[PDB]
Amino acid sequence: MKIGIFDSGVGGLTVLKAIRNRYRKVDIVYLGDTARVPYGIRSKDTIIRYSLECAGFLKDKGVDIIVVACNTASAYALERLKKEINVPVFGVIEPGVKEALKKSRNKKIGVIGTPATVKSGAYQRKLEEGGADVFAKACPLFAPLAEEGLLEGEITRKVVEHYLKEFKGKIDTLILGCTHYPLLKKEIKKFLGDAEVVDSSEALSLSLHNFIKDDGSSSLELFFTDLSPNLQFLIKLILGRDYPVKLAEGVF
């Protein structure tokens, strides 16, 4: 069968790797909407229109299911997607909430997400409806202004502290909605102390087991709506080798 996967960037290539490795024969089409790259800032409805278009493009590429590996899109576009694309649609939020609810002990769990994903309340609601005291904070948006220059040393593990304030000693499991410097993973586990961090990518990939008929030609096709700067090198580093990419709407 053929799996379609989309994301606003190259982050979805992680989930895509989990899947390709677990589902050996399955065919895969990837769409990274690099042309509109900063999704997480835009309004709910723009997130929805963008998603509908990328999911429509994957559908017209003959795919059987659609995995939206983007937190923000998953948070606002899932319903609309399911209702308009006539295929099974899967997001990265529910397998993470499940994995969080499961892995916890004290049911006090934190979520570091994009200001737009944190704003939807999707994780919050889903965690609470699982009997959880949720501690959620938005991704710190620093790079636009400042560089990792000021933000190095003192200030890096002072921004962490201040940001993961409420989490201090109440949570034991964390959903890493998204990490952006200085709130990297190694920096946050060292402040929170060793906590069980959800692997949303393995949870998602694993989660499609019942829907996936593990059959096909192991084909992979990469598509992006903007052939951005170092994208071609990012691919070689995430997938392990060089994979040829196409501009979404080229030969088609």
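Just count from 1 along the sequence shown to find any residue number.
Undergrad: Which is higher on average in the deposited entry, the C-alpha temperature factors of 197-205 or of 33-41?
TA: Taking the mean B-factor of the alpha carbons in each, 33-41 is higher.
Undergrad: Where do the C-alpha atoms have the higher mean temperature factor in this entry, in 103-111 or in 145-153?
TA: For C-alpha atoms only, the mean B-factor is higher in 145-153.
Undergrad: Among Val92, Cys139, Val89, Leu176, where is the Cα temperature factor highest, going by the PDB entry?
TA: Among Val92, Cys139, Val89, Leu176, the PDB entry lists the largest C-alpha B-factor for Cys139.
Undergrad: Which listed residue, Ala122, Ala77, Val97, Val159, has the largest C-alpha temperature factor in the record?
TA: Answer for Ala122, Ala77, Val97, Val159: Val159, with the highest C-alpha B-factor.
Undergrad: Considering only modelled residues of the same chain, in which third does the CA B-factor of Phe211 rank: lowest, middle or highest?
TA: Its C-alpha B-factor, which the entry lists for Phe211, ranks in the middle third among residues of this chain.
Undergrad: Is the Cα B-factor recorded for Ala18 in the lowest, middle or highest third of its chain?
TA: Its C-alpha B-factor belongs to the lowest third of this chain's values.
Undergrad: Using the temperature factors of the C-alpha atoms in this entry, rank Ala132 within its chain: lowest, middle or highest third.
TA: Tercile = middle for this residue's CA B-factor.
Undergrad: Comparing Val118 with the other modelled residues of its chain, is its CA B-factor in the lowest, middle or highest third?
TA: Its C-alpha B-factor, which the entry lists for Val118, ranks in the middle third among residues of this chain.
Undergrad: Using only modelled residues of the chain, where does the Cα B factor of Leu81 rank: lowest third, middle third or highest third?
TA: Answer is middle: the recorded C-alpha B-factor places it there.
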